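# Structural overview
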Amino acid sequence: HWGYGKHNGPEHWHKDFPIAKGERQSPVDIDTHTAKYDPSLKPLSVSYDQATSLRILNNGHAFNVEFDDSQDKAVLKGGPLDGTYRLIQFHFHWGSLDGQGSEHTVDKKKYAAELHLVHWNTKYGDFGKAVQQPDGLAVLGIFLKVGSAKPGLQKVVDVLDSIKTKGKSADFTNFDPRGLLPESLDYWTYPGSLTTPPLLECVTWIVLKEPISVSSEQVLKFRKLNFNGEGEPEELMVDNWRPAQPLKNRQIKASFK
Ligand SMILES: Cc1ccc(S(N)(=O)=O)cc1
Ligand SMILES: Cc1ccc(S(N)(=O)=O)cc1
Ligand SMILES: [Zn+2]
């Protein structure tokens, strides 16, 4: 029953998910002048050439593009990561207006949206076991600004009409997530959590410095989705972001000098 409304949003989550007030919650503000270059970080490896997308689902909070994670088809390695992390899904968070929508902020700047590519550590066997571990997940976060269209996003945009309401899904095979990346893999990294309930503190966050540009028309179509199910009163799926949480005893490291 959690959501993003006045009566069930981020301010209420702690009552059913007390870890909401925990010591490594996400997202956070990335203060670029406090983040430190870390020479111990290994090169980041995004290996998505064999990615197998399956389906797109409106889950009432966002939409997920789901992948076959039964083998090492699309993986993330290197950077701050030990071992191999398998891509399971991606989704976005976005705003009602271009001036908000991202979860992470950069020197307090909010972007129009934020893409999360979610991966689990293969040493734990399955996603469910991974979310019982402090190094169970790695999420690659990418900011979206409004400007020129992102060609690699259009296939996602075009299928949204078919998953307007909560619980709807559609086939989404043969989608290449490499088309959602910026040119540079420069990043910031820190230990955090899922940004939605259950808010589990299992995530190594890797947030790219370079945003991708998407067109106004593309993000406008995100905003036509519904939080509600079919036949119910329309509630536009907008502002499905959690604001920045206390950094507490954490360091944000930069991959770049
Ligand atoms: C969509 C896409 C863009 C760029 C490449 S690359 N790294 O082989 O030039 C592959 C796929
Ligand atoms: C199940 C789940 C997976 C990933 C996230 S996120 N927004 O932290 O990437 C939240 C919930
Ligand atoms: Zn997310």
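Residues numbered from 1 in each chain as written, not as in the entry; some residues may be left out. Chains lettered and ligands numbered in written order. Heavy atoms only, no water. Residues with missing side-chain atoms left out of burial classes, pairs and counts.

The deposited coordinates for this entry were obtained by X-ray crystallography, with a reported resolution of 0.96 Å.

### Digging into the site of ligand 2
Taken together, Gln 89, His 91, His 93, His 116, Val 118, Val 139, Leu 194, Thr 195, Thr 196 and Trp 205 make up the full set of residues near ligand 2. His 93 places a side-chain nitrogen or oxygen 3.3 Å from a nitrogen atom of ligand 2. Contact between ligand 2 and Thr 195: a nitrogen atom at 2.8 Å from a side-chain N or O atom of the residue. Looking at the shell around ligand 2, the elements that each hand over two or more residues are β7 (85-94) and β9 (113-121). (Near = heavy atom within 4 Å. Polar contact = N/O pair within 3.5 Å; in protein donor to acceptor, adjacent residues only side chain to side chain. Helix = DSSP H or I, 4+ residues; strand = E, 2+ residues; numbered from the N terminus.)

### A short note on the packing of aromatic side chains
This structure, assessed with the given rule, holds 15 aromatic pairs. Taking the centre distance of 4.4 Å and the plane angle of 15 degrees together, the rings of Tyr 111 and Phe 143 count as stacked. Taken together, the residues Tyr 111 in the loop between β8 (105-106) and β9 and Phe 143 in strand β10 (residues 137-146) connect sequence positions 32 residues apart. Residue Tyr 111 is classed as buried on the basis of its relative accessible area, which comes to 10%. What links up through ring pairs into an aromatic cluster is the set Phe 63, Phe 67, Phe 90, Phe 92, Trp 94, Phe 172, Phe 175 and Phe 222. The ring centre of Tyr 111 lies 5.0 Å from the NZ or CZ of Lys 109, which sits over that ring. The ring of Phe 256 is capped by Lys 209, whose NZ or CZ atom sits 5.9 Å from the centre of that ring. (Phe/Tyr/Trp six-rings, centres within 6.5 Å; stacked < 30°, edge-to-face > 60°. Buried < 20%, exposed > 50% of the residue type's maximum accessible area, 1.4 Å probe, protein only. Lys NZ or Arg CZ within 6 Å of the ring centre and 35° of its normal.)

### Considerations on the UniProt feature "binding site: Zn(2+)" in the protein
As annotated in UniProt, the feature "binding site: Zn(2+)" corresponds to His 91, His 93 and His 116 in the numbering used here. Annotated residues spanning 26 residues; largest pairwise C-alpha distance 8.2 Å, indicating a single compact cluster. Along the polypeptide, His 93 turns up in strand β7. Not counting residues up to four positions away in its chain, the partners in contact with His 93 are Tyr 4, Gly 101, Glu 103, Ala 113, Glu 114, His 116, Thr 195, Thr 196, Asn 240 and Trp 241. A polar atom in the side chain of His 93 sits 3.2 Å from the side chain of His 91. (UniProt positions renumbered as here; feature names shortened; annotations may be inferred. Contact = heavy atoms within 4.5 Å.)

### Comments concerning the coordination of the zinc ion (ligand 3)
The protein atoms that coordinate the zinc ion (ligand 3) are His 91 (NE2), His 93 (NE2) and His 116 (ND1), at distances spanning 2.0 to 2.1 Å. If you look at the zinc ion (ligand 3), its four donor atoms make angles of 98 to 116 degrees with each other, and the shape they trace is tetrahedral. Using a relative accessible area of 2% as the deciding quantity, one classes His 93 as buried. (Donors = N, O, S within 2.8 Å, 3.2 Å for Na, K, Ca; no water. Tetrahedral: all angles 85-135°; square planar, octahedral: opposite > 155°, others 65-115°.)

### Points about unusual backbone geometry
Residues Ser 26 and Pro 27 are joined by a peptide bond in cis, for which omega reads 0 degrees. Within the secondary structure layout, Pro 27 lies in the segment before β1 (29-30). Cis rather than trans, the peptide bond between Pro 197 and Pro 198 has omega equal to 10 degrees. In this structure, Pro 198 sits in the loop between β12 (187-192) and β13 (203-208). Backbone geometry places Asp 107, a non-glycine residue, at a positive phi of 50 degrees.

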